[PDB]
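**Student:** Chains as they are written, first to last, in PDB author numbering: chain H, 8 to 193; chain N, 2 to 150; chain b, 2 to 83; chain V, 1 to 83; chain A, 2 to 217; chain W, 2 to 130. We treat Cβ as the ideally placed atom computed from N, Cα and C, and that holds for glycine.
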RNA sequence: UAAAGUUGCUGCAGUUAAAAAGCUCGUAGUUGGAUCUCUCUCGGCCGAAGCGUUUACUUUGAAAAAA
Ligand SMILES: [Mg+2]
Ligand SMILES: [Mg+2]
Ligand SMILES: [Mg+2]
Ligand SMILES: [Mg+2]
Ligand SMILES: [Mg+2]
Ligand SMILES: [Mg+2]
Ligand SMILES: [Mg+2]
Ligand SMILES: [Mg+2]
Ligand SMILES: [Mg+2]
Ligand SMILES: [Mg+2]
Ligand SMILES: [Mg+2]
Ligand SMILES: [Mg+2]
Ligand SMILES: [Mg+2]
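1) Residues of chain H with CB closer than 9 Å to the CB of residue 114 (chain W), please, in chain order.
2) Looking at chain b, which residues of the stretch 63-81 of chain V have a Cβ within less than 8 Å of any of its Cβ atoms?
3) Indicate the three-state DSSP secondary structure (helix, strand or coil) for residue 41 (chain W) in the structure shown.
4) Only counting runs of 4 or more residues, tell me where the alpha helix (DSSP H) segments fall wholly within the stretch 94-127 of chain A, in order along the chain.
5) Taking DSSP as the reference, what is the three-state secondary structure of residue 70 (chain W)?
6) Could you tell me the distance, in whole angstroms, from the CA atom of residue 27 (chain H) to the CA atom of residue 65 (chain H)?
7) Could you give the first and the last residue of the continuous beta strand (DSSP E) run that contains residue 131 (chain W)?
8) Grouping DSSP H, G and I as helix and E and B as strand, with all else coil, what is residue 66 (chain b)?
9) Ignoring anything shorter than 4 residues or poking outside the stretch 9-67 of chain W, list the alpha helix (DSSP H) runs there in chain order.
10) Using a cut-off of 9 Å between C-beta atoms, extract the partners of residue 22 (chain V) located in chain W.
11) Answer yes or no: the CB of residue 5 (chain N) versus the heavy atoms of ligand 1, is any distance below 8 Å?
12) Under 9 Å, do residue 130 (chain H) and residue 75 (chain H) count as touching if we go by C-beta distance?
13) Under 8 Å between beta-carbons, which chain A residues line up against residue 8 (chain V)? List them in chain order, please.
14) How many Å lie between residue 11 (chain V) and residue 137 (chain A) at the Cα?
15) In chain V, which residues lie with their C-beta within 7 Å of the C-beta of residue 50 (chain b)?
16) Buried or exposed for residue 69 (chain V), please, with buried defined as at least 16 other CB atoms from any protein chain shown within 10 angstroms of its CB.
17) Going by Cα to Cα distance, which pick from N:114, N:137 and N:82 is closest to residue 102 (chain N)?
18) Since residue 11 (chain A) is in the beta strand (DSSP E), which residue starts that stretch and which ends it?
19) Does residue 9 (chain b) come within less than 9 Å of chain N when only Cβ atoms are used?
20) What do you get for residue 64 (chain V), buried or exposed, if any count of 16 or more other CB atoms within 10 angstroms of its CB means buried?
21) Flag residue 2 (chain N) as yes when its Cβ comes closer than 8 Å to any non-hydrogen atom of ligand 2, and as no otherwise.
22) Quick one: is residue 17 (chain V) buried, meaning 16 or more other Cβ sit within 10 Å of its Cβ, or exposed?
23) Would the stretch 7-22 of chain A count as touching the stretch 65-83 of chain A if we require 3 or more Cβ pairs under 8 Å?
24) With a threshold of 9 Å between beta carbons, is residue 55 (chain b) in contact with chain W?
25) In chain order, what residues of the stretch 17-30 of chain b put their CB closer than 8 Å to some CB of chain W?
26) Could you work out which residues of chain b lie near residue 141 (chain H), taking near to mean beta carbons separated by less than 7 Å?
27) Is residue 39 (chain H) near ligand 2 - that is, is its Cβ less than 8 Å away from at least one heavy atom of it?
28) Can you tell which of H:184, H:167 and H:165 has its C-alpha closest to the C-alpha of residue 155 (chain H)?
29) Could you tell me the alpha carbon to alpha carbon distance between residue 27 (chain W) and residue 63 (chain W), rounded to whole angstroms?
30) What does the alpha-carbon distance come out to for the pair residue 166 (chain H) and residue 7 (chain b)?
31) Just how far apart, CA to CA, sit residue 153 (chain A) and residue 19 (chain b)?
32) Following the continuous alpha helix (DSSP H) through residue 61 (chain H), name the residue where it begins and the one where it ends.
33) In the DSSP assignment, find the beta strand (DSSP E) that holds residue 32 (chain b) and state where it starts and stops.
34) In terms of alpha-carbon separation, which member of A:128, A:151, A:143 and A:62 lies closest to residue 179 (chain A)?
35) What are the uninterrupted segments assigned as alpha helix (DSSP H) that are 4 or more residues long and contained completely in the stretch 44-71 of chain A, given in chain order?
36) Does DSSP classify residue 116 (chain H) as helix, strand or coil?
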């Protein structure tokens with residue numbers, strides 16, 4: 008179930024693959040996880056003692072994963088000790104073309120292979136159970152930036168407790184500070 | 002404002018912020034593409050196809066569902082007209098005005114409107130030549146216009 | 002005048018403006034589920050429809066287009082979506 | 001304001017409007033220097049302390065001194081938050 | 002009122018406001034008098050928010066009390082409905098009343114007999130006392146006004162959103178302002194109702210005077 | 002049609018500053034506009050601003066402090082060498098104790114003094130004081 | 001030559017003092033909305049070779065008669 012691009016697995020990836028095998032055997036979602044696979048996994052520390060698991064899955068299987076996302080997250084959170092498990096796709100980053108750039112520019116860089124596009128996709132997939140309805144960027148007096156993300160009100164109760172782990176994951180991956188809010192209505 | 006009128010209207014469409022397909026929509030990409038193919042085979046321009054899909058099948062935006070525009074889908078399938086629909090409509094309107102004008106020699110307003118329409122046709126033809134959609138010898142001539150459309 | 006929060010307009014302020022002049026554009030239209038009394042099929046209809054919508058099962062005229070919105074045939078019920 | 005030695009060199013330091021931060025000149029006769037009394041939270045009598053506001057004549061001619069004074073009083077806590 | 006419980010509006014004050022009709026405005030609304038309005042009902046009449054009126058009245062009282070010399074406050078009424086109220090306010094507080102016509106140049110022409118240098122100005126109507134308002138801009142004079150739904154706010158610093166048409170409403174507003182000023186000064190107390198009733202500030206309407214003269 | 006976005010944004014900011022407004026709404030947004038606003042904010046002329054992100058070109062809401070006398074743009078964008086900077090400073094700035102000319106150089110978008118420190122020229126965008 | 005911001009690129013005017021074509025179309029010209037964070041090989045880390053999609057710009061350096 009683990010097929011890393013570098014072909015080198017680790018202990019956490021092995022354990023999560025074993026958990027996925029257990030879910031294949033002991034649950035009703037056999038075919039889905041049999042067809043699907045993951046690329047990598049990682050763990051980070053956020054919220055002053057809380058731990059978050061990040062599951063890097065391939066892009067051509069992200070849509071199929073989203074079908075079971077909620078149930079799979081529940082099963083993983085029940086199998087593991089109290090953590091926060093999030094599934095994120097595997098986006099490649101291509102460097103910006105330059106005058107000194109070599110034959111790596113033999114093909115035009117797709118717009119999807121872009122830092123901004125990849126960051127937007129990561130943010131969108133990070134909070135998948137709730138849709139994004141608005142985005143604001145505040146530039147502080149010292150020059151720093153803060154990103155405010157508005158989430159859907161109809162799914163507030165589902166992900167209201169995971170906001171801090173989202174702000175930790177995005178800071179660990181993208182490197183930016185982000186906050187989440189729930190506007191009243193439009 | 003308008004290219005050839007003093008009017009400065011603001012009426013247009015405003016797409017929603019969200020790009021995600023609504024939950025109630027049961028149609029898949031392949032089913033939408035099959036509907037598009039059937040409508041195109043029936044002889045409908047992409048604009049009419051989009052209007053029908055919006056009005057009847059609850060398809061707000063095909064590009065949101067199938068990830069592609071109507072014209073590109075038709076070109077990939079091969080069911081695409083030789084010349085673009087907007088240029089076709091402009092040439093058809095010019096032909097209609099010219100047919101009216103030959104029986105009414107004293108209608109100077111028709112002559113003015115025909116001049117405006119032909120100017121727009123020349124603009125669009127030059128733009129399409131720039132993008133190589135038309136061969137760099139395609140010309141709009143009044144006599145040929147009837148056979149063109 | 003000289004003191005107004007542009008970042009946080011009230012909900013009624015944003016429904017009174019033009020759809021393009023809002024902070025973020027949002028259409029005033031919607032999709033609806035309609036049901037005719039004769040036949041049980043539920044049809045999805047755009048509020049500002051421009052074509053006559055016929056019931057597939059029984060060929061009943063569900064709506065007639067007008068300048069602004071499409072008016073439903075008498076005896077037909079509708080409910081907004083989401 | 002001051003030279004390289006740090007000594008201040010000016011006739012006087014003019015005061016600025018509290019609403020718009022504009023400088024109130026010596027010939028601006030439409031400017032107002034208003035004082036609002038402070039009351040004791042227990043009894044409600046005059047404490048003896050007050051808060052000072054200054055409004056230039058340009059704002060007053062615009063008819064915007066009422067809103068500016070109201071906002072200044074709200075910021076200082078004189079006016080109730082649920083105004 | 003800085004959310005203090007002692008300064009909150011009581012039920013009897015609400016009853017007095019409802020009886021006097023101070024919450025009833027005009028059919029026209031000024032674009033700078035819209036934050037004190039509540040809602041426009043049928044027949045075009047606008048309703049004023051009484052809580053904001055109380056807040057503005059308390060702010061005006063705080064502004065008045067801050068002046069050390071009571072004689073430096075001038076209270077001006079041009080219409081007949083406000084003259085008696087202004088006179089009673091001046092008698093009870095110690096301000097300087099100007100009832101009737103205001104002489105142009107009172108604040109600017111320094112060789113006139115009636116030349117004065119007030120530190121604060123209180124008016125009954127911006128649209129009727131516009132002449133004293135305009136001369137305030139010449140001598141750095143803050144102004145307090147009893148405005149309505151349709152009222153210009155040029156040179157007005159503290160606007161009290163009341164009904165300035167009816168005699169009862171004007172008298173009640175002046176009486177309440179005087180009461181609040183005296184209570185803040187530390188002259189009368191907030192524990193018991195004031196001895197004087199608000200009917201002493203109302204317009205006589207010599208028709209009413211003739212009716213009462215022949216009562217006995 | 003609209004041909005310069007920085008010119009429109011600066012004109013809107015200046016007009017709102019003259020009227021005593023507290024906040025300004027400028028659309029459409031642009032990264033050149035963001036750089037210009039950052040340069041102005043580093044010197045304390047405007048204050049914090051927020052970028053509203055709709056899916057088309059964005060908008061900006063800028064807070065005002067009342068310290069801005071004049072902000073303007075120079076069109077066309079003239080090439081400025083390091084030895085011709087003093088002439089532009091004399092022509093455009095009010096005094097030699099305050100005011101800044103904004104340049105876009107190969108190092109980035111900065112003021113004239115920072116370009117003197119880094120010993121580089123570029124193209125003039127605008128000025129503010 | 002300056003004065004002449006009375007030839008105005010910096011930097012002028014065109015309602016009534018001199019002044020905007022009767023109106024529209026249109027080629028050339030001018031101007032033009034957002035968005036994208038060095039390289040293998042061959043030779044002694046460097047040497048050769050391809051660089052750069054190319055420019056415009058800016059900062060260097062070289063060559064630039066004296067008077
Ligand atoms: Mg045109
Ligand atoms: Mg239209
Ligand atoms: Mg000369
Ligand atoms: Mg000269
Ligand atoms: Mg001459
Ligand atoms: Mg000059
Ligand atoms: Mg001249
Ligand atoms: Mg003439
Ligand atoms: Mg003309
Ligand atoms: Mg041309
Ligand atoms: Mg551009
Ligand atoms: Mg030489
Ligand atoms: Mg020489």
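**Tutor:** With the given structure in hand:
1) Residue mapping note: residue 114 (chain W) aligns to position 113 of the sixth chain, counting from 1. Chain H residues near residue 114 (chain W): none, gap ~18 Å exceeds 9 Å.
2) 64, 67, 68 and 71
3) As a first step, residue 41 (chain W) must be located in the sixth chain, where it is residue number 40. Residue state, collapsed to three classes: helix.
4) none
5) On the sixth chain, position 69 is the one that residue 70 (chain W) refers to. Residue state, collapsed to three classes: coil.
6) Counted from its first residue, the first chain places residue 27 (chain H) at position 20. Counted from its first residue, the first chain places residue 65 (chain H) at position 58. Roughly 16 Å between the two C-alpha positions.
7) Here chain W comprises residues numbered 2 to 130, so residue 131 (chain W) is not present and cannot be evaluated.
8) Here residue 66 (chain b) refers to the residue found at position 65 when the third chain is read from its first residue. Residue 66 (chain b) falls in the strand class under three-state DSSP.
9) 32-43
10) Against the fourth chain, residue 22 (chain V) aligns to sequence position 22. Going along chain W in sequence order, the residues near residue 22 (chain V) (Cβ under 9 Å) are 21 and 67.
11) One-based indexing of the second chain puts residue 5 (chain N) at position 4. Residue 5 (chain N) Cβ: within cutoff of ligand 1.
12) Here residue 130 (chain H) refers to the residue found at position 123 when the first chain is read from its first residue. Here residue 75 (chain H) refers to the residue found at position 68 when the first chain is read from its first residue. The beta carbons of residue 130 (chain H) and residue 75 (chain H) sit no closer together than 9 Å.
13) Here residue 8 (chain V) refers to the residue found at position 8 when the fourth chain is read from its first residue. Ordered by position in chain A, no residue passes the 8 Å Cβ test against residue 8 (chain V), which lies about 27 Å from the chain.
14) Indexing the fourth chain from 1 puts residue 11 (chain V) at position 11. Indexing the fifth chain from 1 puts residue 137 (chain A) at position 136. So the two alpha carbons sit approximately 28 Å from each other.
15) Residue mapping note: residue 50 (chain b) aligns to position 49 of the third chain, counting from 1. Chain V residues near residue 50 (chain b): none, gap ~47 Å exceeds 7 Å.
16) In the fourth chain, counting from the first residue as 1, residue 69 (chain V) sits at position 69. Answer is buried; the Cβ neighbour count reaches 16.
17) Position 101 of the second chain, counted from the first residue, corresponds to residue 102 (chain N). Out of N:114, N:137 and N:82, N:114 has the C-alpha closest to the C-alpha of residue 102 (chain N).
18) What you label residue 11 (chain A) is simply residue 10 of the fifth chain in a count that begins at 1. Where residue 11 (chain A) is concerned, there is no enclosing beta strand (DSSP E), given that its DSSP letter is neither H nor E.
19) Counting from 1 along the third chain, the entry for residue 9 (chain b) is found at position 8. So, not an interface residue.
20) Numbered from its first residue, the fourth chain carries residue 64 (chain V) at position 64. Buried.
21) The residue you call residue 2 (chain N) lines up with position 1 of the second chain. No - ligand 2 has no heavy atom lying nearer than 8 Å to the Cβ of residue 2 (chain N).
22) Numbered from its first residue, the fourth chain carries residue 17 (chain V) at position 17. Buried is the call here.
23) no
24) Locating residue 55 (chain b) in the third chain gives position 54, where the first residue counts as 1. No, residue 55 (chain b) does not count as interfacial toward chain W.
25) 24, 25 and 26
26) In the first chain, the residue the question calls residue 141 (chain H) occupies position 134. Simply 25.
27) As a working mapping, residue 39 (chain H) is identified with position 32 in the first chain. Because no heavy atom of ligand 2 lies under 8 Å away, the Cβ of residue 39 (chain H) does not count as near it: no.
28) Here residue 155 (chain H) corresponds to residue number 148 of the first chain, with the count starting at 1. Comparing Cα-Cα distances from residue 155 (chain H) to each of H:184, H:167 and H:165, the minimum goes to H:184.
29) Position 26 of the sixth chain, counting from 1, holds the residue named residue 27 (chain W). Position 62 of the sixth chain, counting from 1, holds the residue named residue 63 (chain W). Whole-angstrom Cα-Cα distance: 8 Å.
30) Mapped onto the first chain, residue 166 (chain H) falls at position 159. Mapped onto the third chain, residue 7 (chain b) falls at position 6. Going by the C-alpha atoms only, they are around 29 Å apart.
31) Stepping through the fifth chain from its first residue, residue 153 (chain A) is reached at position 152. Stepping through the third chain from its first residue, residue 19 (chain b) is reached at position 18. In a straight line, the C-alpha of residue 153 (chain A) is about 30 Å away from that of residue 19 (chain b).
32) In the first chain, counting from the first residue as 1, residue 61 (chain H) sits at position 54. It is not in any alpha helix (DSSP H) - residue 61 (chain H) instead sits in the beta strand (DSSP E) that spans 57-64.
33) The residue labelled residue 32 (chain b) in the question sits at position 31 within the third chain. First-last of the beta strand (DSSP E) with residue 32 (chain b): 32-36.
34) Position 178 of the fifth chain, counted from the first residue, corresponds to residue 179 (chain A). Out of A:128, A:151, A:143 and A:62, A:62 has the C-alpha closest to the C-alpha of residue 179 (chain A).
35) 51-66
36) The count along the first chain starts at 1 and reaches residue 116 (chain H) at position 109. If DSSP states are grouped into helix, strand and coil, residue 116 (chain H) belongs with coil.
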